[PDB]
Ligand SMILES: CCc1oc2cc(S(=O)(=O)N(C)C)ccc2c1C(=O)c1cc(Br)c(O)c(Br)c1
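Consider the single chain below, provided in structure tokens and representing the form deposited without the ligand.
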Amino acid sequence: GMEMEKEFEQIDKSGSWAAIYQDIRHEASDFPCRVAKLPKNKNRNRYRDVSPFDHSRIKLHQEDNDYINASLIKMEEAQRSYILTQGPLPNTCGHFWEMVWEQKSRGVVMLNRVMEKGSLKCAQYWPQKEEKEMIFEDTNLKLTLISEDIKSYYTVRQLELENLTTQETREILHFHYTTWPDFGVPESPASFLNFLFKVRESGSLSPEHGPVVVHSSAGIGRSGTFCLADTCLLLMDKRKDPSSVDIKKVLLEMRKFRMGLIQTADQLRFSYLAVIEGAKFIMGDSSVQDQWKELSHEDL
């Protein structure tokens, strides 16, 4: 089969995933995060050990404090960008939506739940009920739930974001994967790819929009897995050449822009599985998309 498939089988046969993953960690970029570590920003960071590099951090367009824990992953060869961010805190939900507005994002991909393992891993940063809209007074934004489509393991929401200064409104699509555990993997390649293709189908990743926002709790593990698989499939798609993609090199390129992307060796292995499976679609087996939808059990 494909070259990534041959490397996959070699690594599985030798039981080498931990060593492969540790090599990536060792080779990964190390750039300063001075702004993230300023005293005044301590309460804007969810995790002490997860910070945006200065070079790639998203700046808020405000004079007071322009800091958010968010990074622009700009994949030059693939011609796709993503914004990866932590799950917003109770005091940074206004900042989060400010960033969405200013960066002209059409979609937000949320890969975590608000409560995981008994702890609050993300703030409730969007409205749960149509009739209870949210106002972010610090950033002068209003957010309303317009509709939601609840599936067995993910939910898609239509939100309306309004800049109260100008009264301009935009439709934001929210893609919420609700069964992906932290430091874990999706139930199957099919369930993951079914969801990724839902995001793709929406047009949220179009170059006509700002970068999609992808987040988890830390904005690196589940978020890294999602973007690695998406970028690798896009690279193969541009060239129509699966054997042209080097998944580990792509991950190291991504890690130039945000630290710590992909948090376990099993998330790396899963990324391979997802790309190998998705290649079937890229190379012209259109019917596999329906198979994923069936295998994902999304209706239940």
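Throughout, we count residues from 1 along the sequence that is shown.
Although it is not shown, the form solved in complex with the ligand is what the next lines describe.
Heavy atom of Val109 within 4.5 Å of the ligand in the entry with it bound = Residue-level check for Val109: no, no contact with the ligand.
message = So, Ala190 and the ligand: in the entry with it bound, are they within 4.5 Å at any heavy atom pair?
response = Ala190: yes, in contact with the ligand in the entry with it bound.
request  = State yes or no: in the entry with it bound, is some non-hydrogen atom of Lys293 no more than 4.5 angstroms from a non-hydrogen atom of the ligand?
outcome  = Although the ligand is absent here, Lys293 would touch it in the entry with it bound, with heavy atoms inside 4.5 Å.
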